[PDB]
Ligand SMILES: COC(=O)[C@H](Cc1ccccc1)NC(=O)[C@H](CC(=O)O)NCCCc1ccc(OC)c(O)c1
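Form solved without advantame (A1CD7), single chain, as structure tokens, below.
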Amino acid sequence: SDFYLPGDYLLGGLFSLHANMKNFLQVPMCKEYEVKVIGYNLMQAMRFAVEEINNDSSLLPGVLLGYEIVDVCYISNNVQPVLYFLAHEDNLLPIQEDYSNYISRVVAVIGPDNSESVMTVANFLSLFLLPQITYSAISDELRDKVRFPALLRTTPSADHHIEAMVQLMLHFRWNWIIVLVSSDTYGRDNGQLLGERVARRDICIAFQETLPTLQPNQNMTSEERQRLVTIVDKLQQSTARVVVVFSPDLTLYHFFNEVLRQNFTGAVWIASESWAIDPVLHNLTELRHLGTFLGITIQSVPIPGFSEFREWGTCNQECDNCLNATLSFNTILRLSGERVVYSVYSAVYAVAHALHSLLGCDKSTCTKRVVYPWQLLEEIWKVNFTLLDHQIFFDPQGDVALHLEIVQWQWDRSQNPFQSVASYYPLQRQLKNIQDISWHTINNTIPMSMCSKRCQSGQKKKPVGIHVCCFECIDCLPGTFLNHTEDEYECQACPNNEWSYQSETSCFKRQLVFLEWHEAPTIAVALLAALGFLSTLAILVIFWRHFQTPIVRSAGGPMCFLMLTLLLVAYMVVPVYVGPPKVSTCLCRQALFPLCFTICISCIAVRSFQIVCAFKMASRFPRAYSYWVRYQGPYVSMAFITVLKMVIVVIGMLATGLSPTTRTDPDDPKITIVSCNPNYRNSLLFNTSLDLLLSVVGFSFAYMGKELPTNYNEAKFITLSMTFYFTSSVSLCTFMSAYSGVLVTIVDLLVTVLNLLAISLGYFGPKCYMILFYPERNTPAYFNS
């Protein structure tokens, strides 16, 4: 038959012609199972490769190359063919400690197409070091040469498949995926490898689930139906829209059927090499509404003169229905190209080149020396040639970097069923040359598969769970921003007393608002205080121009002159209120204004007392009146009140501090008013409390004798001025209790100026009136009346 061709050096093969998709005493042969077409395709590829070696006189001249292909089941039959290959021509395999002198029947073996059988065959062959170039086996366990010394490969491992998947996800900006594996070892290792790889590229896995192993052509149980319903419900409820599947193609019919039944659409499925080229699933022709079906598969290399050769055409070494099965799938195989066929082609060519180099042939003659399998392995480890514009050389880890290819399923039989969209180069670990992909969206937009929306400019990122890439966006509170260069996970406030608005990434400096010389209310208050100051200066000039008069002598001469000078000083330091509040400014203000005002009010009160209530008190305590008249009662009272005010103002300075303060007004954080007392309400309340305690007794004493002429109607004018001061203080207290803002300083200054104006006018202006316009009442002879 075609499974055997005698030659100088045989070349064993292992191709899965049949698979199981529906008692140990009866051994089920591979013939009873359903016929697979890929196995016969690869077998014909190997036959064509050997036949081309035979044609080529430049490669292996005068050395006929043969082969012995044995049908190997998927799992069931994997030991007998190895024993056949290693047995001698008599089917006897000797046992010895060392096998260097041993000459096997075959010189090399093309390994099985599934990883488990490859592992078993390589485990058996490790004793004799028979070169075994497996194809289409993608397990990472074959990458190490400690336990597989004589195992080579012509297909990139699952490492490069996973890398291509991750690069495809990165290119389209997907960071929230779903992994579905199978109960078999292949799915589990692929899922674990993808999970290990994807964690370092800022891509998270929403959830991983295992699809129960379920061959087709058999009815499903209730437990597996419930399991599939649960899987599909979990898939639909999650927000991820990129589903990678690591499962053999046989177990995916029921899952996709359940997905169609559940009416779930909008998933960008990513396929491993197992079912990315499976023709039956594409022929199902109802998945076109699910979404785009990407997949990872080996790049197709067009072999010249292979389609015509393929179309031209012991135990477990026969098949009958292979040709009939391949007849139906001929067109799709021709259109889709050859992907795994080139792997077998290259493996056979590598064996041929290793034999040619080992024999040392000079393209004319060959030495025809006996070749041991270990010598062939040592030679094939160091082959480096070309084949269809592809370099064939083996890495130290037993792999040749064949270009991968991301393929997208296209539901149109007029062209290739699996249209290539991208190419991956394992040598540089780079995925490049990406073409347009027909997406399933409304207007061909790349589907979005991100768990968390991008945060708005100036929004703190708060982790929501275990997954790093998922977060929630919460606005930073007023007064802070985000320094994206430093960290975006926590707001960083702006120092230097500057405030920020909501969702604002640039702190702005607060403007320092304060009393300034060129404004309207300050100019009005300055004009009022100037009018008062010139009025009081004129009063003082008049008083010094008119002395030795009953008006100024019955009244306290030194007392009134001192009060006038203190009012002059207070008016002259009034503009110290305006301007930049410094330590000296507040020191002078609080050591001058309250002192002067308090001593003026104390003088007024003691004068009212001595003019009204002294006469009445003269009746009860006579010796007290003698003490009062012998000394200078009003002067000692004024001194005592002055020292008490000194004590209280010193305690106020020691309590509330001296440094000018910055208070953030509720109207506009952007502004910051500066007063000099950090605690101003309590200080003003204390000052007004002492002043009003003195004022109530002063005004009561003035009222008690308001009709007595005394010192030219002193009680009446004291009463008028003191009631004016009381009303002004009440107005200030109420306005303070019902307002707090920028106008506090100007209102306080206005009230102080008005109080000084009251004390000046309503107590001295009558005196100026009588002195100037009434020159008859100031004569000494009028003292009698």
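The first residue of the sequence shown is number 1, and the count goes up from there.
Where coordinates are absent for parts of the deposited sequence, a chain break appears; between neighbours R777 and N778 there is no such break. Coordinates are absent for 10 or more residues of the deposited sequence placed between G313 and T314.
The same protein also has a form solved in complex with advantame (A1CD7), omitted here; what follows describes it.
Not displayed here, advantame (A1CD7) is kept clear of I69 by more than 4.5 Å at the level of heavy atoms in the bound PDB entry. Shown alone here, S500 lies farther than 4.5 Å from advantame (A1CD7) in the bound PDB entry, counting heavy atoms only. For the chain shown alone, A137 is a contact residue for advantame (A1CD7) in the bound PDB entry, at least one non-hydrogen atom being within 4.5 angstroms.
Under a 4.5 angstroms non-hydrogen atom cutoff, advantame (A1CD7) in the bound PDB entry lacks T326 among its neighbouring residues. Partner contacts here mean any heavy atom within 4.5 Å of advantame (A1CD7) in the bound PDB entry, and among 358-366, 111-119, 403-411, 92-100 they occur only in 111-119. Proximity to advantame (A1CD7) in the bound PDB entry, defined as a heavy atom within 4.5 Å, holds among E338, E163, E273, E379 only for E273. For the residues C30, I38, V63, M46, the 4.5 Å heavy atom test against advantame (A1CD7) in the bound PDB entry is passed only by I38. In the bound PDB entry, advantame (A1CD7) lies within 4.5 angstroms of at least one heavy atom of each of the following residues of 227-253: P248, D249, in sequence order.
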